[PDB]
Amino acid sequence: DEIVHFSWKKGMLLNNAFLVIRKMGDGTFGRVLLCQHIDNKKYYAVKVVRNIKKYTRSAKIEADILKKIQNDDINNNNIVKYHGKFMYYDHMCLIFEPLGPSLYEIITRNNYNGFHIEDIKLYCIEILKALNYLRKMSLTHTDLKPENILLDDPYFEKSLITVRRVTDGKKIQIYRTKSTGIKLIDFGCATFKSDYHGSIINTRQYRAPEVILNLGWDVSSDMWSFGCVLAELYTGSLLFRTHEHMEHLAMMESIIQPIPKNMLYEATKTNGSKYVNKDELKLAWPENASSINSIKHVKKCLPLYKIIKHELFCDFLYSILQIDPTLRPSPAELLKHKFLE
């Protein structure tokens, strides 16, 4: 529950500097409050991490990672501006720039309809600037999702526009934002090239095939998540609506492409073994399904080209959503794609 988070009140004075105004959002580890500094009058987003000692330790690592990637670009290379940290008694507090709602929240306000394709193009360019920078810093975010991409404008300036819905061609109204600038947040699980690599990364629905199949992962795993984000920005819904790995894997074959024979072979030697039919070198589907509903769910999955009506964006998305991680393009290469010109 969200009651587990830091107890606050309007008019609170944190560390003899920050005046609490309101709550901006909650995670599972931290509560983010909008604060005004009493010395400079500037506004900040203060993330108050929970009392627990293990979350304090990870927040320190998060602070450390954030500090390393702060730069002098105009838009901070589309990475959330981090200004420093302090302790409020037992609480770790991280100081950020104040940002607007997530791209997910905007989807929610738009009735889970996708953004207009013109706006998708611009969000895409801006997210890629951030990913290209992280690549140059040898950093894998590991938690790319529309919830972790915030609108640069904290005032959320928008107006209603008319769009033909992608599914049926029905004329509907959605919100277009004035600003198209974005910032990446939530660098807690972020991993440098030289650092330790965990077995499971990503939010389940944005998880890369090589992570699920336990084949080892690198910075190219972020690229798979990015493709899921983009599909969601277009349709307003998750590309992979699932809660278990086996179903998730079978969905990948129905929507994108069959899993490369070499990857299924390398999976038999790892913890991805339980997903592979060793003899036939194929997915253990529908053998290892959990119910008939799970099978009907995977059967109901349309291939990507039926979902993505735009031709250049479809080609763009297939480039990204490559099951083989070695075949995925880098952010630098994607910025040269015809769709973004």
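The numbering used is simple: start at 1 and walk along the sequence shown.
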Stretch exceeding the other in mean C-alpha B-factor - 210 to 218, 254 to 262: 254 to 262
Of 139 to 147 and 81 to 89, the stretch whose C-alpha atoms average the higher B-factor in the entry: 81 to 89
When the entry's CA B-factors for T108, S237, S225, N271 are compared, the highest one belongs to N271
In this PDB entry, which of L131, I161, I182, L249 has the top CA B-factor? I161
Please say which third, lowest, middle or highest, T242 falls into when its CA temperature factor is compared across its chain. lowest
Assert third(CA B-factor, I74) within chain per record equals middle
In terms of the CA temperature factor given in the entry, to which third of its chain does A267 belong: lowest, middle or highest? highest
Quick check for you: using the entry's CA B-factors within this chain, is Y196 in the lowest, middle or highest third? highest
Tertile call for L122 (CA temperature factor, within chain, third-based) is the middle
